[PDB]
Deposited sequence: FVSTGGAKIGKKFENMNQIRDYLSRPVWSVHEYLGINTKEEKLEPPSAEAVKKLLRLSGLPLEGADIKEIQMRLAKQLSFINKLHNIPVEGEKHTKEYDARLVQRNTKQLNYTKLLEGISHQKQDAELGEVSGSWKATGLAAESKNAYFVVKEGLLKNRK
C-alpha cells in the first residue's frame, strides 16, 4: 500500500534518498501464439491475410504478451440514482441538436462517401 514518509529536513537528505539502492521500474519490468491464432486475429481485425508476415506477427505478439502477462502474478488488493421525476424530466427535455446533425435531412449523410448509389451507401459482394 501507499505510504508517506517523514518530511525532508534538507537537500542532502534528498540526495541520499535519491541514491538509495532501490530497483528502477526498468529493472522491475526487466526491460508464441499459433499461426492459426494469428490468422484468426487478422480476421477479427478486418486485416488481409495475403501478404501478411505470419511469423513476424507471431514474434511481435509473443513479446507484447509476455510484457502484459506480468499482470498474471500481481494480486488485486481488496453514481447518482436516476429517479422517477428526473426520468420523466429528461424525456421531456430531449430535443434534436443541429450541432449533432440530428434534424432529418439537415446534412447530406452520404456526401462523405467515396462511392454511393443515389442516397444509399454501397458494399460490393
> Which parts of the deposited sequence have no C-alpha atoms in the model?
Replying inline: 1 to 5, 37 to 44, 92 to 106, 154 to 160
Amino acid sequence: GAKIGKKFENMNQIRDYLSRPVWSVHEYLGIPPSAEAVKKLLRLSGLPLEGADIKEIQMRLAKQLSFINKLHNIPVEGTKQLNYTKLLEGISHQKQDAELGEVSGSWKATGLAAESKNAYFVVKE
From here on, numbers count along this sequence of modelled residues.
> Got a sec? Mean C-alpha B-factor, which is higher, 83 to 91 or 48 to 56?
Replying inline: 48 to 56
> Out of 61 to 69 and 32 to 40, which one has CA B-factors that are higher on average in the deposited record?
Replying inline: 32 to 40
>> Going by the CA temperature factor in the PDB record, which third of the chain does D97 belong to: lowest, middle or highest?
In response: lowest
